[PDB]
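Participant: dropping in the first section of the assembly, placed as in the complex:
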Amino acid sequence: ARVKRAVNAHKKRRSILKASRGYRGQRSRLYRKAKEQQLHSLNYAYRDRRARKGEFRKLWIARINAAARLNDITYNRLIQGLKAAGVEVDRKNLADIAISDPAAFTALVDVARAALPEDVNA
Amino acid sequence: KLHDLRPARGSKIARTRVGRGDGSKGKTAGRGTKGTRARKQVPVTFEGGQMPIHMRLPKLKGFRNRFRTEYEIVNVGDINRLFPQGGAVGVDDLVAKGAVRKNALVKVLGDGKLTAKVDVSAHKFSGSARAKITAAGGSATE
Amino acid sequence: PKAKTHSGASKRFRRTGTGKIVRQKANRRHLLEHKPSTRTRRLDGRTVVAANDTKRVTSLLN
C-alpha cells in the first residue's frame, strides 16, 4: 500500500512553522531553518527558566541593597539581622515591601540592627 | 464474533523498523560505526586471518561405517509401563501402542525390572534385557 | 533456502549425548618424540569446547 507520506509529514511541519512565527530571517519562512531554530529556542528557554530564577534573585538583591544603603546598613548586615531576628521573608517579598513601603522596610532595617551582635568578632 | 478476537498478550510483537529517526534506532540501526560490519556482514568462519577453530583443530578420528546397523530400542521397564498386563506383545504391537517408529529393526533395552509376565518378540536382545524378560516369567524371542 | 552445514567444522566437532560439543585435543599428530608421554595423555582425548568458542562453533555445526 503505497502511502504518500505527505500528510504525516505536513503535521510536524505545520507544528514547527506555527511555533516559529515571529522569526527574523529564513526562519519563520522555511522549515528546516525553523527546526534548527526551534531546537535552539527551546534550549534557550530551558536555560532561561533556571537562569531567570537566579537572575531575579540577583535583581531583588540589588534592590534590597539599595533600600538598605538608604537606611545606612549594608545588604550583608541586613540579611544577617533579618536572619538573627528570624523574619522568614525572602528577597522577593522583601524587595516588594522595599519598593512600596519604605516604612515597612525601615522597620525591617531597625529589626536587623537590633539583631546584630556587637562587632566583627563573635 | 470477530469484533471480539484478540491474541494472547505476549505475542504479536512490534516490528523494529530501524532507520526511523534518532529517537528509536536512528541512523546506524545497530551497526554503529564505519567499520566492515557497518555495510556488510563478516561470516562466522572468518576469524581475522589466524586459522579458525575449525581449521586448527584436527578432523575427528575414525570413519563412518557405511553399513551401520541402526536399531530402535524399547525400554524393558517402560515396556512394563506400556503393557501392565501384557502377556502377548511384538514389534508390531510396539509400533501400534506407539513405543517406537515404523520401518524398524528393534532392540529391547534393560532399564528397570520388567515385573509383568510378558513374552517379547524383537531382534537383538541385550544382556539385561533377556535376563529380566526371561525372569519375568516370559522369555525372549527373535 | 536450505541451510548448509559447514563441512570442515562438522568433521572436527561432535555433539555429544547432550548439549556439549567436543573438539579433539590433538596437537598430537605430527611430532610425538620430544613430547613426553605426559604431554600426550594431555593431548589424547575429546575436550568439551569452552564458552568463548561455542556460540560460533554451533553455528558452524548448523
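Facilitator: The structure has been received and is ready for your questions. Residues are numbered from 1 along each chain as shown, chains lettered A, B, ... in the order given.
Participant: quick check, central residue of the chain?
Facilitator: If you meant another chain, say so; for now it's chain A. residue A:52 (2.9 Å; Cα atoms, centre = their mean).
Participant: um, chain C though
Facilitator: residue C:23 (1.4 Å).
Participant: what about that residue, is that helix, strand or coil?
Facilitator: Here residue C:23 is recorded as strand under DSSP: H, G, I helix; E, B strand; the rest coil.
Participant: kindly state the beta-bridge partners for it.
Facilitator: residue C:47 (DSSP bridges).
Participant: I figured it hits residue C:11, correct?
Facilitator: No: if you go by Cβ atoms under 8 Å, residue C:23 and residue C:11 don't touch, sitting 11.7 Å apart. Yep, even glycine has a C-beta here, placed from its N, CA and C like the rest.
Participant: now the residue nearest to the centre of chain A: how far from chain C?
Facilitator: Summarising the geometry, the distance separating residue A:52 from chain C, computed by Cβ to the nearest Cβ, to the nearest Å, is 55 Å.
Participant: residue B:76 now?
Facilitator: In terms of Cβ to the nearest Cβ, residue B:76 sits 20 Å off from chain C.
Participant: tell me which residues in the longest helix seen in chain C are buried?
Facilitator: Of all segments of type helix in chain C, defined using DSSP state H, the longest is helix C:54-60. Buried positions in helix C:54-60, judged by neighbour count with 16 or more other Cβ atoms under 10 Å in any protein chain shown: C:56-58, C:60.
Participant: distance of the residue nearest to the centre of chain C relative to residue C:31?
Facilitator: 20 Å (Cβ to Cβ, to the nearest Å).
Participant: now the residue of chain A found nearest chain B, what's its secondary structure?
Facilitator: In chain A, the residue found nearest to chain B is residue A:12; the distance is 10.8 Å by Cβ to the nearest Cβ. Secondary structure state of residue A:12, per three-state DSSP, is helix.
Participant: so what's the residue count around it?
Facilitator: Here the neighbour count serves as a burial measure; for residue A:12 (other Cβ atoms under 10 Å in any protein chain shown) it reads 11.
Participant: measure it to residue B:24 for me?
Facilitator: Distance from residue A:12 to residue B:24, counting by Cβ to Cβ: 16 Å.
Participant: try residue B:133
Facilitator: Computed as Cβ to Cβ, the residue B:133 to residue B:24 distance reads 66 Å.
Participant: include chain D as well:
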Amino acid sequence: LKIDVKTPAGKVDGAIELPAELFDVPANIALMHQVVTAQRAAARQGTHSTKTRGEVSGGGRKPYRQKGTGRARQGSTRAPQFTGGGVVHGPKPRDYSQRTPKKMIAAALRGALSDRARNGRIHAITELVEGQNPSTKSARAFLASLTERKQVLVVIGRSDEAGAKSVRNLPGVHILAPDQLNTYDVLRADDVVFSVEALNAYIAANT
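Facilitator: One more piece, chain D, placed on the ones above:
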C-alpha cells in the same frame, strides 16, 4: 447439546441432540484468532509487484563519469534515489498463507460452533425450501423469521433445491457446505442455520 427447528408448512420435527465436540469444547479465542488470521492470510492473492532496479528498463549506463563533473556519482539512471528508478525492499509477489496444524484449525472451528450452541444461536433445519423450485420469497421469509438477526450462515450442502441456489442475493446470508465449514465464517455469522443432512453428516465425519 440438543435442538432442532422446523420446516415450511410445518412447525417442529426432529428435536435432536448434538455431540460433545459441538457444545462443550471451551472457546479459546486465542486459538480462534490465530486460525482466522491464517485464513485471512490464506485469502490474499498476493499480487503486489514492483520493478526493483535490474528489472527497471534500461539504466545500465553510468552517466556522468565519476570525477570532473561537479555532480554526484550516480552509476545508473535507475538508482532507487532517482525517479522511475527501482523500488528498494519493495513489494514483490509474495504468496503468504501460514501452514497451521490440523488440530488447531479444527479445534478453533468447533470452539466457534461451541459458542454458537452456547448462546442458542444454531438453527438446524430440515430443508430451506418450498420444496423444488428455488424461490427467494419464502426462503427470505423463513430465514429472517428463523433468525431475526442480521448476519446468517446457511450450511445446506451439495444440493440445490432452494438452498445453495435460492437464498443467495440475501445480504448477511452466506452459504456453505458441511465440510468447507470454517472459522472466519461461523464467527462473521450471527446465526448458523444448518440443514439436518448437513448437520448430521458433519457430526458423522467429525465423530
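Participant: rewinding a little: in which helix or strand would I find the residue nearest to the centre of chain A?
Facilitator: Mapping residue A:52 onto the secondary structure by DSSP states H and E places it in helix A:31-70.
Participant: how about the residues of chain D near chain B?
Facilitator: When proximity is defined as Cβ under 8 Å from any Cβ of the partner chain, chain D approaches chain B at D:29-30, D:32-34, D:36, D:184, D:187-188, D:190.
Participant: my bad, chain C
Facilitator: Selection of chain C residues close to chain B by Cβ under 8 Å from any Cβ yields C:6, C:8-9, C:11-14, C:23-24, C:26, C:29, C:53, C:56-57, C:59-60.
Participant: tell me which element residue 76 is part of?
Facilitator: Just going to use chain A. Taking DSSP H and E as the definition, residue A:76 sits inside helix A:75-84.
Participant: let's do chain D instead
Facilitator: For residue D:76, no secondary-structure element claims it when assigned by DSSP H and E, so it is in no helix or strand.
Participant: residue boundaries of the strands in chain B?
Facilitator: B:72-74, B:106-108 (DSSP state E).
Participant: can you check chain D too?
Facilitator: Applying DSSP E to chain D gives strands spanning D:2-3, D:16-17, D:122-123, D:152-155, D:173-176, D:191-193.
Participant: closest one to chain C among the ones you listed?
Facilitator: Among these, the nearest to chain C by Cβ to the nearest Cβ is strand D:173-176 (37.9 Å).
Participant: before we move on, the earlier item: which members of the residues of chain C next to chain B are the farthest-apart pair?
Facilitator: Across the residues of chain C next to chain B, no pair lies farther apart than C:29 and C:59, at 26.4 Å, counting by Cβ to Cβ.
Participant: count of residues packed around residue 60?
Facilitator: In the absence of a named chain, chain A is used. 18.
Participant: was after chain B, sorry
Facilitator: In terms of burial, residue B:60 registers 15 neighbours under the definition other Cβ under 10 Å.
Participant: from residue C:44, how far off is it?
Facilitator: The separation that residue B:60 has from residue C:44, given Cβ to Cβ, amounts to 14 Å.
Participant: only the C-alpha atoms, please, for stretch A:6-24, written as CSV.
Facilitator: Presented in CSV, the C-alpha positions along stretch A:6-24 are these (Å, rounded to 0.1, in the frame of the first residue of the first chain):
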residue,chain,number,x,y,z
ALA,A,6,2.7,13.9,2.7
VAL,A,7,0.1,14.2,5.4
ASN,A,8,2.2,12.5,8.1
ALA,A,9,5.0,15.0,7.4
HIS,A,10,2.9,18.1,7.0
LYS,A,11,1.7,17.6,10.5
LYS,A,12,5.0,18.3,12.2
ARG,A,13,5.9,20.8,9.5
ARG,A,14,2.9,22.9,10.4
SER,A,15,3.7,22.4,14.1
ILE,A,16,7.2,23.8,13.7
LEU,A,17,6.2,26.7,11.5
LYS,A,18,3.4,27.8,13.7
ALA,A,19,5.5,27.7,16.7
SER,A,20,8.1,29.6,14.7
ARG,A,21,6.2,32.7,13.7
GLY,A,22,7.9,35.9,14.5
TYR,A,23,11.4,35.0,13.4
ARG,A,24,13.6,37.5,11.6
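Participant: let's put RNA strand E on the structure above:
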RNA sequence: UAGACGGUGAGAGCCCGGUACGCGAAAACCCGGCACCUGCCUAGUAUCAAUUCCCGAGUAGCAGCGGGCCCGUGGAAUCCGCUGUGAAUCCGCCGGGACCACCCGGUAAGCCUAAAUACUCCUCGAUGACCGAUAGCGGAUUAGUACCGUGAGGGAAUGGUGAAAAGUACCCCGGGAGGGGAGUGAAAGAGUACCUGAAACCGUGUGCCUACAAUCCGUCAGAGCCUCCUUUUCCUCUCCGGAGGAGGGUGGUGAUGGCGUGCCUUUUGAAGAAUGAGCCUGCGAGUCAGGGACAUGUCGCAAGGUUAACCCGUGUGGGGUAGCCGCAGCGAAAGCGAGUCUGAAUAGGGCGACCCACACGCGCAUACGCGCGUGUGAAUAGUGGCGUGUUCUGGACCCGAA
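Facilitator: Placing RNA strand E onto the earlier chains gives this:
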C-alpha cells in the same frame, strides 16, 4: 435462479447496460457418431534331445589424454569424447565402485513411442488487504515518441472545466492579449492559462518597531504603541451602550537589559576557516522468499508433535503417515546398552543414565538416612504453527568506482 458490476446530475436489486438463468449458428474450425476404402493371420504355438547357424563392429574391451559424476586422476568404478591397438554370439559379452573366484541383474554397438512436465508472443474470463499521473509498463497524454549519438544504441516529458458546452451572445477599455458589466451554470470562490490549490517564491495594504548602532539572528525579564475584549468613576438618556478612560484579559510588535560558538557526518576534539545542504513540494535506504540455524514471547497436543508433493472442494476446508524431529547413550568402528570407550584392570578417567519434608520392611546408626519399587501420588518434554531478535544462501540497508 437476478442485492455481480458499471452508468444516470449524489451512495440505485426495482431508470439504463446487464447479471442469475435460459435460448444461441449459416459457414468455418474442431470434439466426436456410423457406413466405405485400406491392414493382417489359410497354426506350427506347443514338447524335443541341440546335429548346426544367428542375436546390431573398427563397436565393446585394453592402454594414452581429457570431460562428467558428490568423487578435484585420487586408488574409482559407471558414462561420454579423440588417438592407437582391437574381440567374440550365449559354454558370448555387460553390470553389481579397482580387481579376482563363486552368486545375482540385464542382454549395449537399430530406431520409434502418448501421458503426467515446463512455457507465454495471443485471444477469452476473472481477481487483487496491486499502483493510481514523481506511482504503475520506458510508454494513460501521437511513445520506443521528441530529442541524443556516425552507429550499435540511449531515450523523456506531457492526464482532471462542467452533470450537461449550456465555452461568456451583447455593450464597455484595448491595435490585440486582457479584462468590466451582462448573461450560462448550483458554484466563474469551475473561464477552454479550467477539480481541490500546499510550500518555496513574488507583491499590495495595514498595527508595531527600526536612520548612535554590532552581536548563530533566538530566549528570558520587559516600558510603551495598536488590538479585540471587557469589570467599573461614569452618563441614569439603565425604558436603548460605550466615550477620555481606571482594573482586567488574550493578540500584533516589541524600546531596553542579561544569557547564548547553526544542523549533519565524522572526530581526542567542530560554531568551526572540516564534510554536505540555495529554498520549498514530491520520491530515497534494514524488505521478503525457505515444512532454513539459533534464542526467546505467545498457542495447539502430549511421549509425542507434524505432515511434504499430491487427491476431493469453490471461502483455505477436508483427506494424504513417505519423511523429519523427540523417544539412549558410548565408541574409530565391529559392536554394546544405562551403560559405553581406553586398558591387562576397573583402579581411574572420558562421554550419559535419575528427582522428596516420610514411608513398606529391613543392612547399619551416637540425633545419623544412603538403599528398592510400589506411593505419601515420586516429575515433567517434546514437536508443530504464529510474532520477535540475530544469523545462512539470495543484489539482502541504500548509494558510489577505477
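Participant: tell me which strands and helices the helix holding residue A:76 is in contact with?
Facilitator: With contacts defined as 3 or more Cβ pairs under 8 Å, 6 or more residues apart in numbering or on different chains; DSSP states H and E, the packing partners of helix A:75-84 are helix A:31-70, helix A:102-114.
Participant: what's the most buried one of these?
Facilitator: Per-residue neighbour counts averaged over each of these give the maximum for helix A:102-114, namely a mean of 16 (mean count of other Cβ atoms under 10 Å in any protein chain shown).
Participant: what does that one rub up against?
Facilitator: A:67-68, A:70-71, A:73, A:77-82, A:84-85, A:87, A:89, A:94, A:97-98 (Cβ atoms under 8 Å, 6 or more residues apart in numbering or on different chains).
Participant: in PyMOL, select just the buried ones from the residues you listed.
Facilitator: Buried subset of the contacts of helix A:102-114, written as a PyMOL selection, criterion 16+ other Cβ under 10 Å:
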select buried, chain A and resi 67+68+71+73+78+79+80+81+82+85+94+97+98
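Participant: nearest spatial neighbour of residue D:168, chain-adjacent residues omitted?
Facilitator: Once its chain neighbours are removed from consideration, residue D:168 has its nearest residue in residue D:175; the separation is 6.7 Å (Cβ to Cβ, 6 or more residues apart in numbering or on different chains).
Participant: what's the nearest residue in chain C when you look at RNA strand E?
Facilitator: residue C:17 (2.6 Å; Cβ to the nearest atom of the strand).
Participant: ok so that residue is a strand residue?
Facilitator: No: secondary structure assignment (three-state DSSP) places residue C:17 in coil, not in a strand.
Participant: ok, residue D:138 - contacts?
Facilitator: Residues D:8, D:130, D:162 are the ones in contact with residue D:138 under the rule Cβ under 8 Å, 6+ apart.
Participant: show me what contacts the first one?
Facilitator: Under the criterion of Cβ under 8 Å, 6+ apart, the contact list for residue D:8 reads D:129-130, D:138, D:142.
Participant: nearest to chain B among these?
Facilitator: Nearest to chain B among the contacts of residue D:8 is residue D:142, at 23.7 Å by Cβ to the nearest Cβ.
Participant: my read: the closest one touches residue D:128, true?
Facilitator: Yes: here residue D:142 lies in contact with residue D:128, judged by Cβ under 8 Å, at a distance of 6.5 Å.
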